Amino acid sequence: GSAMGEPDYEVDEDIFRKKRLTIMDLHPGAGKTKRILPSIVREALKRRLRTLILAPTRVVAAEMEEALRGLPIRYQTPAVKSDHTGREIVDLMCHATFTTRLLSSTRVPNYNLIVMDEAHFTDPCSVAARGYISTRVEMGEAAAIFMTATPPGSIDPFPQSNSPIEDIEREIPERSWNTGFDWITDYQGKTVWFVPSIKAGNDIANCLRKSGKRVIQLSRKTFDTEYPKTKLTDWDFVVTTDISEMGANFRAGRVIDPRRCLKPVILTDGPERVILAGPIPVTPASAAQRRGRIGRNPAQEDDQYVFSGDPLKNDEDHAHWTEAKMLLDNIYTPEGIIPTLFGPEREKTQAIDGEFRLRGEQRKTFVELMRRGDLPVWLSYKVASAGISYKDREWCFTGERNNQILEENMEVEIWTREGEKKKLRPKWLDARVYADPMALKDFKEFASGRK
């Protein structure tokens, strides 16, 4: 057994056998990170099992290092600094890092035990990883453990917690504001706010400060310098993307949650193209995980969860289901077998196994595009499967008249590397590379040939 806080000295050998997938369904704040994860690793080390620990974000990656600090782990994430000898039999990294390395042809370790945390992560690389991991188990070469408070099929947005939570439905400002929302500022406790956009996050954060509030901003850009500020520093507000949706222990008093986001959607309707639909409600899983950031401390029983509107369970129009098969179809077991999606995530969309399998030269270009070009999974596949070399930027211009990209109501021109003036007009449309102005700047850099 164990006291509150220390890991259990007893661990089921049940979970370490090959051909055995395990789903740990514990509710938020039950201590899968602070208690369970250490003892899984401690026992895995004892059994000398080559172990992989996958985290969805650098936030979860950080909260792991605290629990596992001192153990002989190799941390392969820019979120942790470790002194590693190189003889560790345990590797820690992010979901997408592992999918990346599977795709990047250099070979990866034959892990005996694979513990994925937050196994509900809807990221296309993450979904692909579960496909690989489930397949590795099914063939009997590995033991896997899928930890998540919101497993596939979870729909309750208000699950059990260490402390009572006051659920409150109030209208929430998507933008800056100046009067009507007095309850926001008047709250004399900490608050974690979940904004959809980094920008929507700064028009809010730079409005909260006007009322003399200390506001930390958290996202992929500012994680390294602002996340440790959350912990040992006292603050008023934390405005965050859903980089903190899972894992983060903020020790706050309230969660504000508009429950909205944009989502990539593949259109079958006409020529195929990707849009940025929304703003639309998040999923039952997400809302529960934003809510989970509070109500964790049993000594603090007046935590609040202000939210807005119902979540939407239906996410089949989302492109990450198609993009996940696109990634997974280009991954192989040593034994040759094509990895099939984790069973629970099977048939989220029309799929034929191997529909997206590429050949030779194409596969590397597809991987190359996602890495060297920062292009989305969909856009990369479409371009690569057309038999296009990675450096061949001709396709950024030979699209039809409707594929002309506009910026500030004017047709985008691109001065190329050899110096021609050609109109930006991609053969395939993906809104993710031209919606946000800075995303379009990158795409203008790409089509120039400066990427």
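Residue numbers run from 1 along the displayed sequence.
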| query | finding |
| --- | --- |
| Which of 229 to 237 and 361 to 369 has higher mean CA B factor, as the PDB entry lists it | 229 to 237 |
| Higher-B stretch (mean Cα B-factor, as the entry records it), 196 to 204 or 88 to 96 | 196 to 204 |
| Options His320, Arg130, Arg251, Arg273 - largest CA temperature factor per the record | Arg251 |
| Residue with maximal Cα B-factor (values as given in the PDB entry) among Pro298, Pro124, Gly343, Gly292 | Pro298 |
| Modelled-residue ranking by C-alpha temperature factor, third containing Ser134 | lowest |
| B-factor third for the C-alpha atom of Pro164 within its chain | middle |
| Cα B factor band for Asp156 (lowest, middle or highest third within the chain) | middle |
| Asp430 CA temperature factor, ranked by third within the chain | lowest |
| Third of the chain, ranked by Cα B-factor, where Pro56 sits | lowest |
